[PDB]
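Take a look at the structure below.
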2 protein chains.
Amino acid sequence: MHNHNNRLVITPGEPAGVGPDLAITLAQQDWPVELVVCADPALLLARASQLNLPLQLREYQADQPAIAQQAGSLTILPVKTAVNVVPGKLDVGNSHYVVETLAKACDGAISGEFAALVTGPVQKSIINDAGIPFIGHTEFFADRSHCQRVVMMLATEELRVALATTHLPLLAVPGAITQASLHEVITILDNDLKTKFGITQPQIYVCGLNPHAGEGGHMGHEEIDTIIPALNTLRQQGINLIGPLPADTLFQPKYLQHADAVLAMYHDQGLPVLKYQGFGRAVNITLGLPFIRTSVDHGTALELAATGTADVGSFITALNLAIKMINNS
Amino acid sequence: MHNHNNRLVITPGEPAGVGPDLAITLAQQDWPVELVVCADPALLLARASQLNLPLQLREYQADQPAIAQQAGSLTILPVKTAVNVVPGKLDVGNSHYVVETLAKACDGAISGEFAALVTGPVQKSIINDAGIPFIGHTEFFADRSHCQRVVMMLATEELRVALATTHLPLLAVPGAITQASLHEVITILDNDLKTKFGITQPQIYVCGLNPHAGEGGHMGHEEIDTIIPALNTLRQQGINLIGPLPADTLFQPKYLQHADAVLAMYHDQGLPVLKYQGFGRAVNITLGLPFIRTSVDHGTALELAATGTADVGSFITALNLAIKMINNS
Ligand SMILES: OC[C@H]1O[C@@](CO)(O[C@H]2O[C@H](CO)[C@@H](O)[C@H](O)[C@H]2O)[C@@H](O)[C@@H]1O
Ligand SMILES: OC[C@H]1O[C@@](CO)(O[C@H]2O[C@H](CO)[C@@H](O)[C@H](O)[C@H]2O)[C@@H](O)[C@@H]1O
Ligand code: NI
Ligand code: NI
């Protein structure tokens, strides 16, 4: 989107989970944008009561100017649960409700009614148990957006890793890396660093696939046959790319500090460092969608729902990042 | 070895490299053990001159009591270079000398003449160019020790990762993990944590091979078919093992803090986090050898030889770890 307004939509997600707690907790401070929470209002107020935190919900008025959200409030875009919610207890009765809040939030983000979509956790199993096709937010938003390719990034305030491949068995990773696949992934990554993170000339640092980036062909051939040629084609199109580098070189701070994003070839090459340094404030950012979407990188934490022990760090950081992307855009 | 004396052998390694600088720099403080440096004495004194640091070499007297090394000195076990050494310039003429210092140091560590072997960097190419079979210190010491299996560990003062597999292309990793291979690797790892690190009941935490440790068979089958059964056999023999866990769970500090060592299944699953947090003070420790051996985790840094800019952190930490292993043993 070339223009962004001053309203963000938040879906708390699974009502039995901690998303509601976390939304209510986020709401105890002032924000520079309007926080439009798509959720059941009774739930939020009752969860706020269970946690002993105050909360006033303001009706969402689409035709009004955004009002920067004030401490002790949220702006509600009300959607009703079908059944009573009991914290910690999944109930198939409320899955239509969860997915409805996603649909609404996604439709808004698409049109630009909402400047960014920030998501709390949902539970795939209970959604499926209600007969609704669902894997994650990513596929639901991609399909509803008619978005043909997305790229996963995990990011903290200080470090961004994107993945060339995601939830594949290790056996399948080398075959899944092609020149075509890397072309698509890096184009999206470079495009969003510019358009979403507002970095005019992103420096993207790339991991080899093999240990020591293949050590001259002595420890694998994928760097020579596939990665290097793909990067060179992209550099011809103007994308600033350094690598491929050994992962255990690149992930030293002395080099990391130079990267705007790192592209890991596979899940466990990239995520461990981020989680190590993340202090539980890591944020999932879905690239390639036609709008800004950030997310918590934890689950529903059902056992912690309504306890006051759920950590708000991921959600606060997700919302913080969203807001910078709205602006640095 | 059931008993350790108060003498450590240091091989500075490649004379044209930074190993000599680093040895001379280590020597500017007091140590609780005797530091027997197997190297050319003219080289060390000349490198000390180039770096403007003082240095007195004490002749090594095997039949005397160890004397705790004093600041401004080393104990020399002299071995002559064949040709003049020029910092930064590899010379095939001196490779026989490098390998001779390794042989001597290794023979001593074997017999218990030396309580631990700590190695500076060597350069494989120049050793090979002189017609001498060489890959690394590890294979040279393993073969000379008649040691049938070694396990690589990278460790800092705060975190230890061992690897189930090392310098293999990613394609080869899943096939290289067997019940047999994991049995051998974990036996060695557990044995050395007890005998070398002095941890009576090591808690070893194990990564799955696949992302999310295979997610119940939905993201790979190796955890179910191979890893889990291997760990259960080992737990029957009394080895305390937690996992397999997702790498991007396990490498969070909140869980790491509980592990005495982490076993990563492959190189890039384990090393990046260690290097990230290592601040360049990471130490390679070779497990399974019949003596304690620690090492720098950097190369010869030829361009930095005699500049005073080479970082001593890895070497200081390597020597520090060696000394604790001598004692905690
Ligand atoms: O040993 C590293 C190995 O990685 C490659 C890429 O596959 O090169 C990387 O490392 C080089 C420094 O060792 C850099 O000059 C290069 O730009 C970087 O891509 C291989 O060529 C090399 O053998
Ligand atoms: O999703 C994790 C995945 O890993 C396995 C091992 O392959 O189990 C690990 O994680 C469980 C918690 O989710 C622990 O109970 C277990 O001890 C640990 O090994 C799989 O069983 C699971 O599907
Ligand atoms: Ni994942
Ligand atoms: Ni390596």
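Lettering and numbering for the structure tokens are positional, with chains as A, B, ... in the shown order, residues counted from 1 in each chain, and ligands counted from 1 in the shown order.
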Which chain A residues are at most 9 Å from chain B (counting only C-alpha atoms), as a JSON list (two decimals) with C-alpha atoms, in the first residue's frame?
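Written out: out.json:
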```json
[["chain", "number", "residue", "atom", "x", "y", "z"],
["A", 166, "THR", "CA", 10.44, -23.30, 6.29],
["A", 167, "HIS", "CA", 8.69, -26.37, 7.75],
["A", 168, "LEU", "CA", 10.28, -29.11, 5.71],
["A", 169, "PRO", "CA", 12.16, -32.14, 6.91],
["A", 170, "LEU", "CA", 15.93, -31.60, 6.60],
["A", 171, "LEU", "CA", 16.06, -34.24, 3.84],
["A", 172, "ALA", "CA", 13.86, -31.98, 1.64],
["A", 173, "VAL", "CA", 15.76, -28.71, 2.14],
["A", 174, "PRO", "CA", 18.50, -29.04, -0.49],
["A", 175, "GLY", "CA", 16.03, -29.99, -3.25],
["A", 209, "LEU", "CA", 23.23, -24.01, 2.46],
["A", 210, "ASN", "CA", 26.17, -26.17, 3.48],
["A", 211, "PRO", "CA", 28.53, -25.80, 6.40],
["A", 212, "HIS", "CA", 31.36, -23.29, 5.46],
["A", 214, "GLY", "CA", 30.33, -25.48, 0.77],
["A", 218, "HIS", "CA", 34.54, -29.68, -0.89],
["A", 219, "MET", "CA", 31.55, -29.75, 1.49],
["A", 220, "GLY", "CA", 28.63, -29.62, -1.04],
["A", 221, "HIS", "CA", 27.91, -28.14, -4.51],
["A", 246, "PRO", "CA", 29.05, -19.54, 6.45],
["A", 247, "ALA", "CA", 26.24, -19.34, 8.90],
["A", 248, "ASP", "CA", 28.69, -19.58, 11.83],
["A", 249, "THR", "CA", 30.63, -16.62, 10.44],
["A", 250, "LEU", "CA", 27.62, -14.48, 9.53],
["A", 251, "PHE", "CA", 25.88, -14.81, 12.83],
["A", 252, "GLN", "CA", 28.73, -13.16, 14.72],
["A", 253, "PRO", "CA", 27.70, -9.68, 15.93],
["A", 254, "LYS", "CA", 30.69, -8.09, 14.21],
["A", 266, "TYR", "CA", 16.44, -23.30, 6.31],
["A", 267, "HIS", "CA", 14.58, -23.06, 9.60],
["A", 268, "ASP", "CA", 17.13, -24.25, 12.16],
["A", 269, "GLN", "CA", 20.02, -22.33, 10.45],
["A", 270, "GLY", "CA", 18.36, -19.04, 11.16],
["A", 271, "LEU", "CA", 15.89, -19.25, 14.00],
["A", 272, "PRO", "CA", 18.05, -20.46, 16.90],
["A", 273, "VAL", "CA", 20.23, -17.32, 17.00],
["A", 274, "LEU", "CA", 17.18, -15.09, 16.83],
["A", 275, "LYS", "CA", 15.44, -16.94, 19.66],
["A", 276, "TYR", "CA", 18.66, -16.99, 21.68],
["A", 277, "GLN", "CA", 18.99, -13.17, 21.49],
["A", 278, "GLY", "CA", 15.29, -12.48, 21.42],
["A", 279, "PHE", "CA", 14.60, -12.55, 25.17],
["A", 280, "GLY", "CA", 11.19, -13.84, 24.19]]
```
*Would you kindly return, as a list in words, each protein, DNA or RNA residue with an atom no farther than 6 Å from any atom of residue 60 of chain B, considering only C-alpha atoms and excluding same-chain residues fewer than 3 positions away?*
residues 75, 76 and 77 of chain B
*When distances are computed from only C-alpha atoms and all ligand atoms, which of B:165, B:327, B:156, B:300 shows the smallest separation from ligand 4?*
B:165
*asked:* Would you pick out the contacts of residue 181 of chain A at 12 Å or less, using only C-alpha atoms, so that residues sharing its chain but fewer than 2 positions from it are not included, and give the list as a list in words?
replied: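 The neighbour list is residues 149, 150, 151, 163, 164, 165, 173, 174, 175, 176, 177, 178, 179, 183, 184, 185, 186, 187, 188, 226, 227, 230, 231 and 265 of chain A.
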_Residues near residue 127 of chain B, anyone? I mean within 10 Å using only C-alpha atoms, not counting same-chain ones fewer than 3 positions away, as a list in words._
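Surrounding residues, per the criterion: residues 14, 90, 91, 92, 93, 94, 95, 96, 97, 98, 99, 122, 123, 124, 130, 131, 132, 133, 134 and 135 of chain B.
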With C-alpha atoms retained, export the selected residues as a tab-separated table (two decimals), in the first residue's frame.
```tsv
chain	number	residue	atom	x	y	z
B	14	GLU	CA	52.10	-22.02	12.16
B	90	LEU	CA	53.81	-19.13	4.57
B	91	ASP	CA	56.97	-21.18	3.99
B	92	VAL	CA	56.93	-24.89	3.17
B	93	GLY	CA	60.42	-25.06	4.66
B	94	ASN	CA	58.87	-24.86	8.18
B	95	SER	CA	56.02	-27.33	7.94
B	96	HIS	CA	58.12	-30.26	9.15
B	97	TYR	CA	58.79	-28.08	12.17
B	98	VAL	CA	55.07	-27.42	12.80
B	99	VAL	CA	54.20	-31.15	12.65
B	122	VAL	CA	48.00	-24.24	11.91
B	123	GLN	CA	47.66	-24.02	8.13
B	124	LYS	CA	46.79	-27.26	6.37
B	130	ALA	CA	55.58	-30.01	2.05
B	131	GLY	CA	54.27	-33.52	1.30
B	132	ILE	CA	52.90	-34.23	4.80
B	133	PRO	CA	49.45	-35.81	5.17
B	134	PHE	CA	47.34	-33.41	7.23
B	135	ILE	CA	43.76	-32.31	7.59
```
*Tell me, in Å to one decimal, how far atom CA of residue 48 of chain A is from atom CA of residue 73 of chain A.*
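Separating atom CA of residue 48 of chain A from atom CA of residue 73 of chain A is a distance of 10.9 Å.
Atom CA of residue 17 of chain A is positioned 9.3 Å from atom CA of residue 86 of chain A.
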*For residue 293 of chain B, work out the shell of residues within 7 Å, counting only C-alpha atoms and skipping chain neighbours fewer than 6 positions away, then give it as number ranges by chain.*
B: 116-118, 285-286
*Between B:142, B:261, B:1, B:319, which has the minimum distance to residue 288 of chain B (counting only C-alpha atoms)?*
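Looking only at the distances to residue 288 of chain B, the closest residue turns out to be B:142.
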*Write out as a ChimeraX atom specification each polymer residue whose atoms come within 9 Å of residue 197 of chain A, counting only C-alpha atoms; drop sequence neighbours fewer than 6 positions from it.*
/A:324-329
*Given the choices B:294, B:284, B:50, B:232, which gets closest to ligand 2 if the distance is worked out from only C-alpha atoms and all ligand atoms?*
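Closest to ligand 2 of all the choices is B:232.
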*asked:* Show me, as a PyMOL selection string, the residues that have an atom within 8 Å of segment 29-39 of chain A when counting only C-alpha atoms, minus same-chain residues fewer than 4 positions from it.
replied: chain A and resi 6-13+43-44+60+66-72+74-80+101+104-105+323
*asked:* Considering only strand (DSSP E or B) as DSSP defines it on the backbone, what residues of segment 49-105 of chain B qualify? List them as a VMD selection string.
replied: chain B and resid 56 to 59 73 to 78
*Check the smallest atom-to-atom distance from each of B:224, B:316, B:45, B:264 to ligand 2 using only C-alpha atoms and all ligand atoms, then report the winner.*
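Using only C-alpha atoms and all ligand atoms, the shortest distance to ligand 2 belongs to B:224.
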_I need the residue nearest ligand 1 from this list: A:152, A:262, A:305, A:228. Use only C-alpha atoms and all ligand atoms for the distance._
A:228
*Expressed in Å to a single decimal, how great is the separation between atom CA of residue 147 of chain B and atom CA of residue 244 of chain B?*
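Atom-to-atom, atom CA of residue 147 of chain B and atom CA of residue 244 of chain B are spaced 28.3 Å apart.
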